[PDB]
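Accompanying notes for the structure given below.
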Amino acid sequence: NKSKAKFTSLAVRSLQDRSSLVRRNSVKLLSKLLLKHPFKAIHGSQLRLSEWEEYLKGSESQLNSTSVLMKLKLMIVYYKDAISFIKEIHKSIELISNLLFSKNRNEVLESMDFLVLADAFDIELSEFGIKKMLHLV
DNA sequence: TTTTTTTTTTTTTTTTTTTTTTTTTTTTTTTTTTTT
């Protein structure tokens with residue numbers, strides 16, 4: 001699970017690569033990572049930045065107010081990892097939305113598939129991606 | 001249904017044809033000169 005964040009960061013960085021095939025494969029990797037993630041034990045299949053931030057704030061308040069110490073520590077580090085992953089996915093979504101207008105059709109199709117998958121899970125910036133996709137006519 | 005083969009397309013890299021400017025040789029007509 002730890003290497004998942006590294007793979008996501010490398011894929012987001014490679015999204016800006018000059019080669020088109022590399023970009024399509026990075027989009028595929030991000031789609032595969034978003035389709036199944038370890039972040040499903042609690043409130044699975046729902047990636048909302050506001051809700052996760054509120055949950056993290058609640059956990060921080062609970063810790064501020066024997067097993068309790070490290071249990072809250074693990075919960076907080078898990079929530080921080082979730083927030084970082086959500087931010088990375090949001091940045092990747094923005095990059096792919098900017099990347100929608102490409103000469104190669106396979107890249108466009110994979111970008112549309114990734115945006116649809118990201119829209120399937122409730123995402124605040126998914127509507128922007130759908131709006132950008134609407135101009136593909 | 002699953003796997004293999006074909007063929008088709010997508011690049012990057014190299015190769016091929018086209019041609020725009022860069023110089024040259026020969027002839028022509030006019031003007032001036034010399035000679036009956």
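Note on A:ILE42, A:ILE93, A:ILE86, A:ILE76: ascending count of other Cβ atoms within 10 Å places them as A:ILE42, A:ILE76, A:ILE86, A:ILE93, the fewest first. In order along region A:37-51, the phi-based Karplus estimate (6.51 cos²θ - 1.76 cosθ + 1.60, θ = phi - 60°) of 3J(HN,Hα) comes to 9, x, 6, 10, 5, 10, 6, x, 6, 9, 10, 10, 5, 5, 5 Hz; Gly and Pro are listed as x.
For chain A, the Cβ-based charge dipole about the Cα centre amounts to some 620 debye (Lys, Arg positive; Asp, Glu negative; other atoms uncharged). What the Cβ-Cβ distance of A:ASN106 and A:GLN46 gives, at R0 = 35 Å and to the nearest 0.05, is a FRET efficiency of 0.70.
Expressed as a fraction of 2.2 N^0.38 Å, the value expected for a compact globular protein of N residues, the C-alpha radius of gyration of chain A is 1.17. 3J(HN,Hα) along region A:100-109: 4, 7, 10, 5, 7, 6, 5, 4, 5, 4 Hz, from the Karplus curve 6.51 cos²θ - 1.76 cosθ + 1.60 with θ = phi - 60°, whole Hz, x for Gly and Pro.
Using ideal geometry, Cβ is built from the backbone for each residue, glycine included, and neighbour counts are taken over all protein chains shown. We did not get these values from a lab; they are worked out from the coordinates using the rules stated.
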